[PDB]
file final_12.cif (mmCIF, C-alpha atoms)
data_work
#
loop_
_atom_site.label_atom_id
_atom_site.label_comp_id
_atom_site.auth_asym_id
_atom_site.auth_seq_id
_atom_site.Cartn_x
_atom_site.Cartn_y
_atom_site.Cartn_z
CA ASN V 56 0.00 0.00 0.00
CA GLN V 57 2.95 2.22 0.74
CA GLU V 58 4.61 1.45 -2.57
CA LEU V 59 1.40 2.50 -4.22
CA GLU V 60 1.28 5.84 -2.40
CA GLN V 61 4.89 6.41 -3.40
CA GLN V 62 3.85 6.17 -7.02
CA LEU V 63 0.50 7.91 -6.58
CA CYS V 64 2.28 11.03 -5.43
CA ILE V 65 3.79 11.15 -8.89
CA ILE V 66 0.54 12.56 -10.02
CA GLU V 67 -0.49 14.45 -6.88
CA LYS V 68 2.60 16.69 -7.15
CA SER V 69 3.12 16.12 -10.99
CA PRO V 72 -0.22 13.81 -17.16
CA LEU V 73 -3.23 13.09 -19.43
CA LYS V 74 -4.82 16.11 -17.95
CA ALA V 75 -1.62 17.91 -18.65
CA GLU V 76 -1.72 17.03 -22.31
CA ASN V 77 -5.39 17.85 -22.32
CA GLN V 78 -4.81 21.29 -20.87
CA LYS V 79 -2.05 21.96 -23.28
CA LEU V 80 -4.22 20.89 -26.19
CA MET V 81 -6.88 23.31 -25.00
CA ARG V 82 -4.29 26.00 -25.71
CA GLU V 83 -2.39 24.44 -28.46
CA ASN V 84 -5.34 24.13 -30.70
CA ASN V 85 -6.36 27.74 -30.12
CA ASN V 86 -3.03 28.46 -31.63
CA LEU V 87 -3.39 26.03 -34.42
CA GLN V 88 -6.81 27.47 -34.95
CA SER V 89 -5.35 30.93 -34.94
CA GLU V 90 -2.70 29.88 -37.43
CA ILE V 91 -5.19 28.37 -39.82
CA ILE V 92 -7.08 31.65 -39.64
CA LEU V 93 -4.00 33.71 -39.98
CA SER V 94 -2.97 31.84 -42.93
CA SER V 95 -6.41 31.26 -44.57
CA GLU V 96 -8.02 34.65 -44.05
CA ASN V 97 -4.68 36.30 -44.16
CA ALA V 98 -3.97 34.67 -47.51
CA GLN V 99 -7.31 35.89 -48.70
CA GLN V 100 -6.29 39.39 -47.90
CA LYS V 101 -2.85 38.83 -49.37
CA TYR V 102 -4.49 37.78 -52.59
CA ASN V 103 -7.15 40.45 -52.46
CA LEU V 104 -4.04 42.57 -52.78
CA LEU V 105 -2.48 40.36 -55.44
CA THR V 106 -5.67 40.34 -57.38
CA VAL V 107 -5.64 44.09 -57.47
CA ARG V 108 -1.87 44.29 -57.86
CA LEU V 109 -1.66 41.80 -60.68
CA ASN X 56 -5.58 -0.19 -0.21
CA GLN X 57 -9.15 -0.17 -1.31
CA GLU X 58 -9.23 3.57 -1.02
CA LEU X 59 -5.97 3.93 -2.83
CA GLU X 60 -7.63 1.84 -5.45
CA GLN X 61 -10.78 3.98 -5.23
CA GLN X 62 -8.89 7.08 -5.96
CA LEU X 63 -7.57 5.31 -8.95
CA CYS X 64 -10.97 3.87 -9.70
CA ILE X 65 -12.47 7.31 -9.81
CA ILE X 66 -9.68 8.54 -11.92
CA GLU X 67 -9.70 5.69 -14.29
CA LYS X 68 -13.46 5.25 -14.67
CA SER X 69 -14.59 8.84 -14.74
CA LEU X 70 -11.76 11.20 -15.33
CA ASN X 71 -9.12 9.61 -17.45
CA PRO X 72 -11.69 8.49 -20.10
CA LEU X 73 -12.85 12.01 -20.38
CA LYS X 74 -9.39 13.27 -20.65
CA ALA X 75 -8.61 10.42 -22.97
CA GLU X 76 -11.53 11.25 -25.18
CA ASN X 77 -10.89 14.92 -24.97
CA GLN X 78 -7.23 14.60 -25.75
CA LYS X 79 -8.06 12.07 -28.41
CA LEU X 80 -10.36 14.44 -30.13
CA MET X 81 -8.12 17.33 -29.44
CA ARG X 82 -5.30 15.31 -30.93
CA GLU X 83 -7.55 14.70 -33.85
CA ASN X 84 -7.90 18.44 -33.91
CA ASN X 85 -4.22 19.02 -33.35
CA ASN X 86 -3.44 16.69 -36.15
CA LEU X 87 -6.19 18.09 -38.23
CA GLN X 88 -5.32 21.63 -37.39
CA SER X 89 -1.70 20.95 -38.23
CA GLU X 90 -3.40 19.71 -41.40
CA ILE X 91 -5.83 22.48 -42.37
CA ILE X 92 -2.75 24.72 -41.84
CA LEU X 93 -1.60 22.45 -44.62
CA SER X 94 -4.92 23.38 -46.39
CA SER X 95 -4.06 27.02 -45.83
CA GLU X 96 -0.83 25.98 -47.47
CA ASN X 97 -3.02 24.79 -50.30
CA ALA X 98 -4.38 28.35 -50.31
CA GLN X 99 -0.74 29.32 -50.40
CA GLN X 100 -0.15 26.92 -53.28
CA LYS X 101 -2.70 28.91 -55.25
CA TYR X 102 -1.08 32.12 -54.05
CA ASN X 103 2.29 30.83 -55.17
CA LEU X 104 1.04 30.63 -58.70
CA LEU X 105 -0.44 34.10 -58.57
CA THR X 106 3.02 35.26 -57.47
CA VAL X 107 4.47 33.87 -60.69
CA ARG X 108 3.00 36.65 -62.60
CA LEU X 109 3.84 39.20 -59.99
CA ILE Y 233 15.36 26.65 -84.29
CA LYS Y 234 16.32 23.03 -83.57
CA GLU Y 235 18.11 23.51 -80.25
CA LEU Y 236 14.83 24.37 -78.63
CA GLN Y 237 13.62 20.89 -79.44
CA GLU Y 238 16.62 19.44 -77.78
CA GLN Y 239 16.01 21.34 -74.67
CA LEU Y 240 12.35 20.43 -74.78
CA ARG Y 241 13.31 16.81 -75.08
CA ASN Y 242 15.37 17.33 -71.95
CA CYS Y 243 12.62 19.24 -70.14
CA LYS Y 244 10.18 16.48 -70.86
CA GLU Y 245 12.22 14.14 -68.85
CA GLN Y 246 11.24 15.84 -65.63
CA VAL Y 247 8.06 15.99 -66.27
CA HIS Y 248 8.48 12.22 -66.21
CA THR Y 249 10.49 11.96 -63.05
CA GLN Y 250 8.22 14.38 -61.35
CA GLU Y 251 5.21 12.55 -62.50
CA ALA Y 252 6.62 9.58 -60.73
CA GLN Y 253 7.36 11.51 -57.57
CA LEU Y 254 4.03 13.31 -57.62
CA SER Y 255 2.33 9.96 -57.69
CA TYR Y 256 4.54 8.84 -54.88
CA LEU Y 257 3.77 11.82 -52.72
CA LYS Y 258 0.07 11.58 -53.30
CA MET Y 259 0.30 7.97 -52.30
CA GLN Y 260 2.38 8.95 -49.32
CA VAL Y 261 -0.25 11.45 -48.34
CA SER Y 262 -2.59 8.53 -48.24
CA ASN Y 263 0.00 6.62 -46.24
CA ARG Y 264 0.20 9.46 -43.76
CA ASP Y 265 -3.53 9.24 -43.42
CA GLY Y 266 -2.69 5.52 -43.29
CA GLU Y 267 -0.46 6.18 -40.25
CA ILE Y 268 -2.54 8.72 -38.42
CA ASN Y 269 -6.04 7.15 -37.98
CA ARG Y 270 -4.55 4.21 -37.29
CA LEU Y 271 -3.20 6.21 -34.36
CA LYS Y 272 -6.65 7.70 -33.82
CA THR Y 273 -8.20 4.27 -34.00
CA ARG Y 274 -5.69 2.99 -31.55
CA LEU Y 275 -6.75 5.83 -29.20
CA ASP Y 276 -10.41 4.95 -29.84
CA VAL Y 277 -9.51 1.43 -28.56
CA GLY Y 278 -7.11 2.43 -25.74
CA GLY Y 279 -3.41 2.51 -24.78
CA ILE Y 280 -3.15 6.31 -25.20
CA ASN Y 281 -0.11 5.60 -24.09
CA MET Y 282 -1.10 6.50 -20.54
CA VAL Y 283 1.88 4.92 -18.83
CA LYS Y 284 4.48 6.40 -21.06
CA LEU Y 285 2.82 9.76 -20.76
CA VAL Y 286 2.99 9.60 -17.00
CA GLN Y 287 6.57 8.59 -16.87
CA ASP Y 288 7.82 11.10 -19.41
CA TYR Y 289 5.68 13.74 -17.80
CA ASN Y 290 7.20 12.90 -14.50
CA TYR Y 291 10.70 13.15 -15.89
CA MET Y 292 10.24 16.69 -16.98
CA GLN Y 293 8.23 17.59 -13.91
CA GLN Y 294 10.92 16.39 -11.58
CA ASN Y 295 13.37 18.39 -13.56
CA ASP Y 296 11.14 21.44 -13.03
CA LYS Y 297 11.00 20.62 -9.34
CA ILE Y 298 14.73 20.57 -9.06
CA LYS Y 299 14.73 24.04 -10.65
CA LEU Y 300 12.05 25.31 -8.29
CA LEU Y 301 13.83 24.10 -5.26
CA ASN Y 302 17.17 25.38 -6.61
CA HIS Y 303 15.44 28.75 -6.71
CA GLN Y 304 14.41 28.16 -3.14
CA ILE Y 305 18.05 27.38 -2.31
CA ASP Y 306 19.41 30.51 -3.79
CA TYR Y 307 16.74 32.42 -1.94
CA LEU Y 308 17.22 30.83 1.45
CA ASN Y 309 20.95 30.60 1.12
CA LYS Y 310 21.36 34.22 0.28
CA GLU Y 311 18.82 35.50 2.78
CA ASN Y 312 20.52 33.59 5.51
CA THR Y 313 23.96 34.39 4.24
CA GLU Y 314 23.36 38.06 4.19
CA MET Y 315 21.55 38.08 7.44
CA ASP Y 316 24.43 36.26 8.99
CA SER Y 317 26.90 38.56 7.19
CA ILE Y 318 25.39 41.49 8.94
CA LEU Y 319 24.08 40.20 12.01
CA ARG Y 320 26.79 38.07 13.41
CA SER Y 321 29.13 41.01 13.69
CA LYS Y 322 26.61 43.78 13.57
CA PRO Y 323 27.62 44.97 17.10
CA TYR Y 324 31.02 43.39 16.34
CA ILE Y 325 31.85 43.00 19.91
CA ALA Y 326 29.05 44.71 21.93
CA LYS S 234 10.47 29.12 -84.57
CA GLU S 235 7.42 28.56 -82.22
CA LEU S 236 9.71 26.14 -80.51
CA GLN S 237 10.61 28.99 -78.24
CA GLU S 238 7.05 28.90 -76.88
CA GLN S 239 6.99 25.11 -76.75
CA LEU S 240 9.95 25.09 -74.57
CA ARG S 241 8.59 27.66 -72.45
CA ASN S 242 5.43 26.01 -71.63
CA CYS S 243 7.15 22.83 -70.78
CA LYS S 244 9.61 24.60 -68.55
CA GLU S 245 6.89 26.55 -66.85
CA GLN S 246 5.08 23.27 -66.36
CA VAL S 247 8.31 21.78 -65.01
CA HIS S 248 8.76 24.49 -62.52
CA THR S 249 5.14 24.34 -61.55
CA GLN S 250 5.57 20.62 -61.04
CA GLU S 251 8.71 21.20 -59.00
CA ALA S 252 6.80 23.56 -56.89
CA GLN S 253 4.06 21.04 -56.53
CA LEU S 254 6.52 18.43 -55.50
CA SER S 255 8.05 20.76 -53.02
CA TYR S 256 4.64 21.70 -51.74
CA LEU S 257 3.92 18.08 -51.14
CA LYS S 258 7.35 17.22 -49.85
CA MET S 259 6.47 19.78 -47.24
CA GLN S 260 2.86 18.75 -46.71
CA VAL S 261 4.05 15.18 -46.38
CA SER S 262 7.10 15.94 -44.33
CA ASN S 263 4.91 17.97 -42.08
CA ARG S 264 2.56 15.05 -41.78
CA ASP S 265 5.57 13.05 -40.58
CA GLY S 266 6.26 15.49 -37.90
CA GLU S 267 2.56 15.65 -37.05
CA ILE S 268 2.49 11.92 -36.73
CA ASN S 269 5.89 11.75 -35.05
CA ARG S 270 4.15 13.82 -32.39
CA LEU S 271 1.78 10.94 -31.90
CA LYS S 272 4.56 8.36 -32.08
CA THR S 273 5.81 10.42 -29.12
CA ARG S 274 2.47 10.03 -27.29
CA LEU S 275 1.37 6.51 -28.55
CA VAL S 283 13.76 2.01 -21.91
CA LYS S 284 11.96 1.65 -18.46
CA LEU S 285 15.38 1.43 -16.96
CA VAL S 286 16.22 5.03 -17.68
CA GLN S 287 12.84 6.17 -16.55
CA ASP S 288 13.72 4.49 -13.29
CA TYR S 289 17.37 5.76 -13.54
CA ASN S 290 16.10 9.39 -13.53
CA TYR S 291 13.22 9.34 -12.11
CA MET S 292 15.04 7.73 -9.19
CA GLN S 293 18.09 9.92 -9.66
CA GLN S 294 16.04 13.05 -10.13
CA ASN S 295 14.18 12.01 -6.92
CA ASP S 296 17.45 11.53 -5.19
CA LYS S 297 18.80 14.86 -6.36
CA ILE S 298 15.63 16.37 -4.96
CA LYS S 299 16.00 14.55 -1.66
CA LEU S 300 19.55 15.82 -1.49
CA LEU S 301 18.22 19.19 -2.41
CA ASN S 302 15.72 18.89 0.48
CA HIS S 303 18.68 18.44 2.76
CA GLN S 304 20.21 21.45 1.07
CA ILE S 305 16.92 23.16 1.86
CA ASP S 306 17.83 22.54 5.49
CA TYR S 307 21.58 23.64 5.17
CA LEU S 308 21.03 26.16 2.46
CA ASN S 309 18.84 26.62 4.70
CA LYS S 310 16.42 26.14 7.63
CA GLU S 311 18.76 28.36 9.57
CA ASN S 312 16.44 31.15 8.69
CA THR S 313 14.45 30.12 11.78
CA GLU S 314 17.50 30.58 13.79
CA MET S 315 18.44 33.61 11.75
CA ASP S 316 15.30 35.45 12.70
CA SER S 317 16.17 35.05 16.36
CA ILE S 318 19.54 36.74 15.48
CA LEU S 319 17.65 39.19 13.23
CA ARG S 320 15.82 40.04 16.44
CA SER S 321 18.88 40.27 18.76
CA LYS S 322 21.76 41.68 16.73
CA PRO S 323 19.77 44.93 16.12
CA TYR S 324 19.95 45.22 19.86
CA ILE S 325 23.03 47.25 19.11
CA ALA S 326 20.34 49.89 18.70
#
call {"tool": "encode", "arguments": {"input": "final_12.cif", "output": "C-alpha cells"}}
result
Amino acid sequence: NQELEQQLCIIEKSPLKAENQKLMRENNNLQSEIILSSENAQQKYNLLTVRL
Amino acid sequence: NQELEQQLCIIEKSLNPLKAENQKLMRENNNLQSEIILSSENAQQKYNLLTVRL
Amino acid sequence: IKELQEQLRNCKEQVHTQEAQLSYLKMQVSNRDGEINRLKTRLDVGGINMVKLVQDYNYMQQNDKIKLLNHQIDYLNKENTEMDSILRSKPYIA
Amino acid sequence: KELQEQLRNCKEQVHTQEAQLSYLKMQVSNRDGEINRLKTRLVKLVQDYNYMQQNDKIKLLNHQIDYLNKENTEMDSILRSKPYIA
C-alpha cells in the first residue's frame, strides 16, 4: 500500500490532464494559425488580385 | 488499499476516459489543425502561382 | 530553331520523373492518413499511451521541481547568508 | 520558330511541377512530424534511472533546503537580537 502511495504522489505533485490542458491551448493556436494563414492569404491575394 | 484503489478507480473510470476522449479528439484536432494549416498551405499553393505573374 | 527541341526533349524528362514523384507523394499522403487514424483508432480502442505519458511527464516535472527548489536554495541561502553577514558582527563585539 | 514557346510552356510546367513536389514534400514531411508527435504520445530502466536519480537529487536538495537553509528560523532570532546594538 505504501509502494502504491509512493507512485500515486507522482501525479499528486506532478499527465493526461496535462496534455489535455495543453491541447486546449495548443489548438487555439493552431486554430489561430489556420485563420492567420487562410483569411490572411485571402487578404494577401485580395491585394495580389488588385496588384496583378 | 481499497481507497488507494478507489482514488484510482475514480480517476480511471470517470476522469481519465474524459481526458482520454478529450485529448483524443483534441489530438484529432491538433493533427487536423496541423493539417488544415496544410490546407491554408493549399491556399498558399494557389497564391504561389499568382506570385508567378507578380 | 532546332536547339529548342533538344532542350524540350530534356525538359520532358522531368516531367516524367516528377510525375513519378508526384504519384509517390500523393500515395504517401494517403499513407500518412494511413499512419494517423490508425493512431486515432488505436486511441479509440485504448493505450493512449497512458503509462508512457505519465513517466515522461514525470521526468520533466521532476526536472522542473529541481529548478524550483534550486530557486528556493538561492533564496534561502542568500537570505541567511546576508543576514548572517550582517548580524553576526553587527555589534562586532558589543 | 514557335519552338521557343513550346519550350517555355514545358519549362513553366516543369517548374510548376517542381513547386508542386516541393509543396507536397512539405505537406508530407509535415505530416511526418505531425504523426511523429503521436509516435511520441502513442527504456523503463532510464525512466527508473532518472526518475530515481532526479528524486534523489531532490532529496539531497531537500537536505540542502535545510543547510542552504532552515537556519532562517534561527536567523530570525539573530535578526531580532543583533539589532539590539540599537
call {"tool": "residues_around", "arguments": {"input": "final_12.cif", "residues": "residue 324 (chain Y)", "least_positions_apart": "2", "cutoff": "12 Å", "atoms": "all atoms listed in the file", "output": "MDAnalysis selection string"}}
result
(chainID Y and resid 317:322 326) or (chainID S and resid 322:325)
call {"tool": "atom_distance", "arguments": {"input": "final_12.cif", "atom1": "CA of residue 261 (chain S)", "atom2": "CA of residue 253 (chain Y)"}}
result
12.2 Å
call {"tool": "closest_residue", "arguments": {"input": "final_12.cif", "among": "X:62, X:86, X:106, X:56", "to": "chain Y", "atoms": "only C-alpha atoms"}}
result
X:86
call {"tool": "atom_distance", "arguments": {"input": "final_12.cif", "atom1": "CA of residue 273 (chain S)", "atom2": "CA of residue 285 (chain Y)"}}
result
8.9 Å
call {"tool": "closest_atom_pairs", "arguments": {"input": "final_12.cif", "of": "chain S", "to": "chain V", "cutoff": "12 Å", "atoms": "only C-alpha atoms", "output": "tab-separated table"}}
result
residue	atom	partner	partner_atom	distance
S:271	CA	V:76	CA	11.9
S:274	CA	V:76	CA	9.6
S:288	CA	V:62	CA	11.8
S:291	CA	V:65	CA	10.1
S:292	CA	V:62	CA	11.5
S:295	CA	V:65	CA	10.6
call {"tool": "resolve_selection", "arguments": {"input": "final_12.cif", "expression": "the PyMOL selection byres ((chain S) within 6 of (chain Y))", "output": "number ranges by chain"}}
result
S: 234, 236, 240, 247, 275, 291, 298, 308-309, 312, 322, 325
call {"tool": "write_last_selection", "arguments": {"input": "final_12.cif", "atoms": "C-alpha atoms", "output": "PDB file, in the coordinates of the input"}}
result
ATOM      1  CA  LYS S 234      10.470  29.120 -84.570  1.00  0.00           C
ATOM      2  CA  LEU S 236       9.710  26.140 -80.510  1.00  0.00           C
ATOM      3  CA  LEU S 240       9.950  25.090 -74.570  1.00  0.00           C
ATOM      4  CA  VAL S 247       8.310  21.780 -65.010  1.00  0.00           C
ATOM      5  CA  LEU S 275       1.370   6.510 -28.550  1.00  0.00           C
ATOM      6  CA  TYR S 291      13.220   9.340 -12.110  1.00  0.00           C
ATOM      7  CA  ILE S 298      15.630  16.370  -4.960  1.00  0.00           C
ATOM      8  CA  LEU S 308      21.030  26.160   2.460  1.00  0.00           C
ATOM      9  CA  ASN S 309      18.840  26.620   4.700  1.00  0.00           C
ATOM     10  CA  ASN S 312      16.440  31.150   8.690  1.00  0.00           C
ATOM     11  CA  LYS S 322      21.760  41.680  16.730  1.00  0.00           C
ATOM     12  CA  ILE S 325      23.030  47.250  19.110  1.00  0.00           C
TER      13      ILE S 325
END
call {"tool": "interface_residues", "arguments": {"input": "final_12.cif", "of": "chain S", "to": "chain X", "cutoff": "10 Å", "atoms": "all atoms listed in the file", "output": "PyMOL selection string"}}
result
chain S and resi 245+249+252-253+256-257+259-261+263-264+266-268+270-271
call {"tool": "closest_residue", "arguments": {"input": "final_12.cif", "among": "S:304, S:251, S:258, S:287", "to": "residue 289 (chain Y)", "atoms": "only C-alpha atoms"}}
result
S:287
call {"tool": "atom_distance", "arguments": {"input": "final_12.cif", "atom1": "CA of residue 64 (chain V)", "atom2": "CA of residue 59 (chain X)"}}
result
11.2 Å
call {"tool": "interface_residues", "arguments": {"input": "final_12.cif", "of": "chain V", "to": "chain X", "cutoff": "9 Å", "atoms": "only C-alpha atoms", "output": "mmCIF file with C-alpha atoms, in the coordinates of the input"}}
result
data_model
loop_
_atom_site.group_PDB
_atom_site.id
_atom_site.type_symbol
_atom_site.label_atom_id
_atom_site.label_comp_id
_atom_site.auth_asym_id
_atom_site.auth_seq_id
_atom_site.Cartn_x
_atom_site.Cartn_y
_atom_site.Cartn_z
ATOM 1 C CA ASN V 56 0.000 0.000 0.000
ATOM 2 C CA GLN V 57 2.950 2.220 0.740
ATOM 3 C CA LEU V 59 1.400 2.500 -4.220
ATOM 4 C CA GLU V 60 1.280 5.840 -2.400
ATOM 5 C CA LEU V 63 0.500 7.910 -6.580
ATOM 6 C CA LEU V 73 -3.230 13.090 -19.430
ATOM 7 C CA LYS V 74 -4.820 16.110 -17.950
ATOM 8 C CA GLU V 76 -1.720 17.030 -22.310
ATOM 9 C CA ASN V 77 -5.390 17.850 -22.320
ATOM 10 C CA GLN V 78 -4.810 21.290 -20.870
ATOM 11 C CA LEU V 80 -4.220 20.890 -26.190
ATOM 12 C CA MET V 81 -6.880 23.310 -25.000
ATOM 13 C CA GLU V 83 -2.390 24.440 -28.460
ATOM 14 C CA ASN V 84 -5.340 24.130 -30.700
ATOM 15 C CA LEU V 87 -3.390 26.030 -34.420
ATOM 16 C CA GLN V 88 -6.810 27.470 -34.950
ATOM 17 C CA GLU V 90 -2.700 29.880 -37.430
ATOM 18 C CA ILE V 91 -5.190 28.370 -39.820
ATOM 19 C CA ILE V 92 -7.080 31.650 -39.640
ATOM 20 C CA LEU V 93 -4.000 33.710 -39.980
ATOM 21 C CA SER V 94 -2.970 31.840 -42.930
ATOM 22 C CA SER V 95 -6.410 31.260 -44.570
ATOM 23 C CA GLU V 96 -8.020 34.650 -44.050
ATOM 24 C CA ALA V 98 -3.970 34.670 -47.510
ATOM 25 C CA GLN V 99 -7.310 35.890 -48.700
ATOM 26 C CA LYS V 101 -2.850 38.830 -49.370
ATOM 27 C CA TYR V 102 -4.490 37.780 -52.590
ATOM 28 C CA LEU V 105 -2.480 40.360 -55.440
ATOM 29 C CA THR V 106 -5.670 40.340 -57.380
ATOM 30 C CA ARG V 108 -1.870 44.290 -57.860
ATOM 31 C CA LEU V 109 -1.660 41.800 -60.680
#
call {"tool": "interface_residues", "arguments": {"input": "final_12.cif", "of": "chain V", "to": "chain Y", "cutoff": "10 Å", "atoms": "all atoms listed in the file", "output": "ChimeraX atom specification"}}
result
/V:65-66,68-69,72-73,75-76
